[PDB]
Amino acid sequence: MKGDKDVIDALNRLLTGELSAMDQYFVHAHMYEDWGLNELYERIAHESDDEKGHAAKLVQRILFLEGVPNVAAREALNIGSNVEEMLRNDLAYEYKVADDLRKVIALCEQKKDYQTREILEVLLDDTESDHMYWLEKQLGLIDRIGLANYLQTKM
Amino acid sequence: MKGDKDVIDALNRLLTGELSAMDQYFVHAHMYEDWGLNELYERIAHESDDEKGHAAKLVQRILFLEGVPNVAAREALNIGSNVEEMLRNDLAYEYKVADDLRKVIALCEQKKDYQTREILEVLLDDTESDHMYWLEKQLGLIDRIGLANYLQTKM
Amino acid sequence: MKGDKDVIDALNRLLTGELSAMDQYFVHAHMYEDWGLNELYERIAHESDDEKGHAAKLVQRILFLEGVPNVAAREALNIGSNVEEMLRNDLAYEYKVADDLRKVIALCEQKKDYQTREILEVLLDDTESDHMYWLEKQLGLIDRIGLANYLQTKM
Amino acid sequence: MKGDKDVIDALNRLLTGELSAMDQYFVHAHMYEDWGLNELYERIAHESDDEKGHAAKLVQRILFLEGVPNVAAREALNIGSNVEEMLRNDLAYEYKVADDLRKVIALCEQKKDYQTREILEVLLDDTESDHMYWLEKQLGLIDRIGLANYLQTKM
Amino acid sequence: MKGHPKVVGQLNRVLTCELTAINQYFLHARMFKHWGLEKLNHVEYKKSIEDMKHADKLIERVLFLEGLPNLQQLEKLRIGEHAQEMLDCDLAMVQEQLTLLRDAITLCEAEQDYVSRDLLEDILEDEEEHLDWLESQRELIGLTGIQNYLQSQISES
Amino acid sequence: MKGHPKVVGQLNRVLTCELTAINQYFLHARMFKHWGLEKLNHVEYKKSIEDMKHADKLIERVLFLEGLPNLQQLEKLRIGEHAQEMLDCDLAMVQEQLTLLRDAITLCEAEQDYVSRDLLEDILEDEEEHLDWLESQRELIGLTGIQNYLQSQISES
Amino acid sequence: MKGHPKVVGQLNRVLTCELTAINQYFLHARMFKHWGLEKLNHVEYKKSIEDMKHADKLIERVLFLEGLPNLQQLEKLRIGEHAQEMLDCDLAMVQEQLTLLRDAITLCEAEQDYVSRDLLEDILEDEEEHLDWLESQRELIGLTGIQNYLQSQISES
Amino acid sequence: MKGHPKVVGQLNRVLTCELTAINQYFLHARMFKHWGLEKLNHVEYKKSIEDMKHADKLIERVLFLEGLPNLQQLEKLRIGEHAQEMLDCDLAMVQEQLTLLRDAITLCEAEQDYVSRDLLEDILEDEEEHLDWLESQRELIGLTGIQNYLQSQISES
Ligand code: HEM
Ligand code: HEM
Ligand code: HEM
Ligand code: NA
Ligand code: NA
């Protein structure tokens, strides 16, 4: 079908976001593995895979809506140097993705594009209930047990 | 059968206690899960389920004794803000439940209501040998290894 | 994340509703079991368990949104004395829960809190398609076969 | 270990190449799926996954060599509009990757970095014996049976 | 172990009453089978088997306490003519037997016979579960009527 | 639950259109089977089964909302003579039915009928997956030609 | 094979009536489900599935005979308000449809269309087994009463 | 991919030598089978199969490099009359072929043909494992004598 032009633009911005998330989670997972923190490596790598799944869904939706997916553009990556900084960068970036997803869900509701709305609602449900919540839990655990105890659990 | 009026009143007070215990263990388990402390979440959630089982037994006994179970009344919940406070509140409340169970077991013995006595004896055995003992062990472990080591084991 | 203050208030009112539903379904299931009506006992007990699941989801959402779940407050329970009255009280209370869920879904849509919207939409789907529909079917069956035939099927 | 600075630069250029390959194969696979050409979709998607595996190996090697992987930079994507153009763009880009891999293998041999040499030799073996060969076969088949017969086999 | 004479007397009286219960429950189960009410048959038969186990435990306890089990005496049987009357007779017998069990548990506690008391408490919980079942049946007859209630007993499962 | 009259009217209109879709898809599937195009048969038959499930859900929703399902009315069927015409008729009907579904979802949201809206959103995603498939088939006919495309439909799997 | 125009017309009329039967049976099955009568749901649903298979066979036969299946027309639906009325409407429709099938079998024999006749004879045996079932249900309502009969339909198995 | 002419020439020469090896190893395996030396049969046959796989890989590499595989030319075969002579001929051919492989690996490295080099390195490790086996056999003949050594080859396993 012929999708709304604004809906395709917003879907393409969400795609740029998901692809940047994929890159950041990829390099962070491998920085965790380089440090022997295999549990964080595995968690962040699976989150990069989920970002790849979200990007696949967005690309499929943009192509179905007869748009041109933009997989070339990338947002600036915020790579941390230590575990707390990388977790806080992942959290900042999940917050930005959730905000942008909410804006696009509102737009899809105004533009009557309900099916894009539920695709983005599944994406927002993953962003909130899968990894924003996990990151907030991790930062709270660092606050409770300390960073050295927290990192000991991640090996 | 027609149960003694005092025995039904005491069973209803025990029911109020068990229902308040259920609510407190429920909110505490979920506060533990919100903090990434999944082992405490699971333990306290299973204890809320055991409180639900005790309340079911008490309601069945009150109905068999031709009384009216009071599931509307609730005691004041003592919700903690940090792990030690929630464990100490659960311990205080288990102590109160055990005291009240002993009073009602004495009453059931005076009123010849032996079967209510063994129902409450099973309840008291759970209260003591299942979670009062566990809470005392947990507070002793916090005293031995420290709170940051203790919370690290609970993730 | 930091949820909207009105969304947390509405989620807490929904939580009070779900907890009162749990209590009412609990005492009604046990009143059905006391009368030998084991099929109603089992159905209403499973509905009390579903109310507990809904309350768990609401508590998790309120804690994620950095609110304080209120598991202490309870609405007035409307306990019936005979089977038709308890079924009609359960239906009245399901109607009230569905109305209040619709109001909160509208509020979550206005407040851009889409994820709370889908949590409450799953809750509303259960409330309508799981037990409001069942209760209406039961009252229609009582109207068709009579109360003595209806109760005979519930043993 | 501390890798040679030139070897890390060359590994990072290979990483940029692999990541651009991933993006191009991703959008091409989905453009094939949008057209009902499911066999090309599946083949090109698996090749995007192999590019992700190569990029993972390169990132792991750059981190082991105490370098900073650059997952932010991306080369210009050459997206085709019809099947022959996308196959020819994938072939051009595989040719460029193979040339650049050979240059870096020569550099790793001069810099005594033998282990990077075998990592890149496995990458070059995949690039040649897995998908450059496949693309040349596909273009030869288009030349032999025609484009309409070729596309019929790809559904 | 030489038991208290009062405890052995109470156990022998509970035994008389358990044997009377066995006989009444079996007669009622077979009267129910004769009428085609099979689920009532099954319930009354498993209840007679249960009182059979109870009498076995009481005999073994009276023998361990160096007493003489009295299997010769039986109480008067209340045999009903129809289902409701039979259920009421069963109810009356369960209630009398529960009063007896409570008196015996009180006496066993007064004599520090605590394993006799544990035995009698198991018998009490069983008899009072059957009391619950009989009260459920009476409520079901009041709710669905006797014809609907009896129709539910035709098939054993 | 007493539903809104507007929502029940919209659901009944979506039901009319789902029934028309069932009939058109089955006629087209059997016209395809008659020509030996078996994979097109299979697709159109599973699509008619899918619209069958959709009509079932709409009937159940209209009944739950205390409305009267209208299974009597059907829309005009667009039956093609050849494969391309049949696929175009299917496309036109999917597009009309998607417009209808979007209007009904808008109205269901305006009336706070959120489970009706969830129902209609499932129907929308299904209808729009079939729209995707039909557009894929048209692109494949444009790419491989109609004779090559029809040759790929001879075998069902 | 080019079939007789009269045989194709009769098959198209039997098809109209089979489609009307599908719609009426499904509406009635879902009205029964809405009332909690689950075994009546199950029967009416499997009967609608059966008339679905019948319509499929008639469409395939009309297509093989180089005719045009008419899935557009439907007859008037008799939708009842309560169980007895719905069963009577189903009975009336089965009887009308059996008369139609007998006329079509007679015509198929007169035109030496013997595989059309075999098709219609399978449809006849199925429709007349459902006629038997509906008459059984009416006799059961007369025997046990409508309240007892409806109580037997609450559970699907 | 268009390969270097020198690399394709070297691969074609290694291919000629691999084909000559296949022929010599098979003739020797069947000469061993004809004498009842079954374990020597088995070794020489699996070695001919191995050089068969090597020739397959070289043909595929020469084809991928847009060259023309030369399966027409073969080198002179050294066929022995007795076991020791056949093993010495096999040894001489393995040594010549290893020298050739080393020259080809050097040239492939000089031309940055690294997958050709990996191919040739697999062929080198295989040929040099067989060189090891042949040297082991010569040492075993020197240790146990030719009559004892040949007696150990009678049974294949
Ligand atoms: C002193 C009186 C009695 C005692 C202590 C006694 C005890 C028992 C016990 C322990 C069992 C086996 C239960 C099991 O393991 O499942 C049994 C079985 C049975 N009893 Fe009795 N019983 C008594 C009298 C009677 C009477 C009076 C009747 C019938 C008129 C009766 C009928 C049966 C039947 C039919 C069985 C099943 C047979 C079997 O075990 O296979 N009993 N009894
Ligand atoms: C031209 C009219 C129709 C024809 C020829 C037809 C044919 C069929 C056939 C052959 C089946 C599969 C039966 C089986 O293998 O068990 C089926 C399934 C079904 N039909 Fe229809 N049908 C028609 C119209 C309808 C209508 C109007 C409805 C509802 C309003 C409906 C509802 C269903 C349902 C719910 C199913 C079950 C889905 C499934 O097979 O899993 N059908 N139909
Ligand atoms: C250009 C020359 C040749 C090439 C490239 C070649 C290649 C092959 C290959 C790849 C196999 C299958 C190996 C496996 O998968 O286990 C095979 C099998 C075989 N070869 Fe050759 N071969 C050649 C010449 C010969 C000659 C000259 C003979 C005999 C005089 C021979 C005898 C056999 C036998 C007996 C088999 C076993 C049959 C089977 O695979 O089931 N080969 N060959
Ligand atoms: Na530690
Ligand atoms: Na009845």
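Residue numbers start from 1 in every chain, and the chains themselves are labelled A, B, ... in the order their sequence lines are given, proteins ahead of strands. In each ligand, atom 1 is the first atom listed, and ligand 1 is the first ligand listed.
- In the model, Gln72(F) has no side-chain atom that pairs as donor or acceptor with a side-chain atom of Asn23(G) under 3.5 Å.
- Distances between N or O atoms of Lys53(G) and those of ligand 2 include at least one value under 3.5 Å.
- Of the protein's heavy atoms, none falls inside 4.0 Å of atom 38 (C) of ligand 1.
- Protein non-hydrogen atoms do not reach within 4.0 Å of atom 12 (C) of ligand 1.
- Around atom 21 (Fe) of ligand 2, the protein contributes the following N, O or S atoms at distances under 2.8 Å: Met52(F) SD, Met52(G) SD.
- Within the 4.5 Å cutoff, no side-chain heavy atoms of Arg30(G) are placed close to those of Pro69(F).
- In summary, the side chains of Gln138(C) and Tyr150(C) do present a donor paired with an acceptor at a separation below 3.5 Å, with no hydrogens or angles considered.
- Scanning all protein heavy atoms for the shortest distance to atom 34 (C) of ligand 1 gives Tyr45(E) OH, 4.0 Å.
- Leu65(F) CG to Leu63(F) CG: the interatomic distance, rounded to the nearest 0.5 Å, is 9.0 Å.
- Between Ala21(G) and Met93(G) the shortest heavy-atom distance is CA-SD, 3.5 Å.
- Not one N/O/S atom of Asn148(E), from backbone or side chain, sits under 3.0 Å from the Na ion (ligand 5).
- Within a 6.0 Å radius of NZ in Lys33(E), other residues, nucleotides and ligands contribute 12 heavy atoms or fewer.
- At a distance under 4.0 Å, a protein heavy atom can be found next to atom 42 (N) of ligand 1.
- Between the side chains of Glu50(G) and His130(G), no donor-acceptor pair is found at a separation under 3.5 Å.
- In this structure the side chain of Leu120(E) reaches within 4.5 angstrom of the side chain of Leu11(E), judged on heavy atoms.
- At a distance under 4.0 Å, a protein heavy atom can be found next to atom 32 (C) of ligand 1.
- Nearest protein heavy-atom contact of atom 27 (C) of ligand 1 is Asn23(E) OD1, 3.2 Å.
- Close approach of ligand 2 to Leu71(G) (heavy-atom distance below 4.0 Å) involves ligand atoms 1 (C).
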Which side-chain N or O atoms in residues 76-83 of chain E pair as donor and acceptor under 3.5 Å with protein atoms at least two apart or in another chain?
unit_1, atom_1, unit_2, atom_2, d
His82(E), NE2, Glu85(E), OE1, 3.4

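- Counting heavy atoms closer than 4.0 Å to ligand 1, residue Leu19(E) contributes side-chain atoms (C-beta onward) but none from N, CA, C or O.
- Between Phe26(F) and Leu19(G) the shortest side-chain heavy-atom distance does not fall below 4.5 Å.
- Side-chain contact check for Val14(E) versus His54(E): every heavy-atom pair is 4.5 Å or farther apart.
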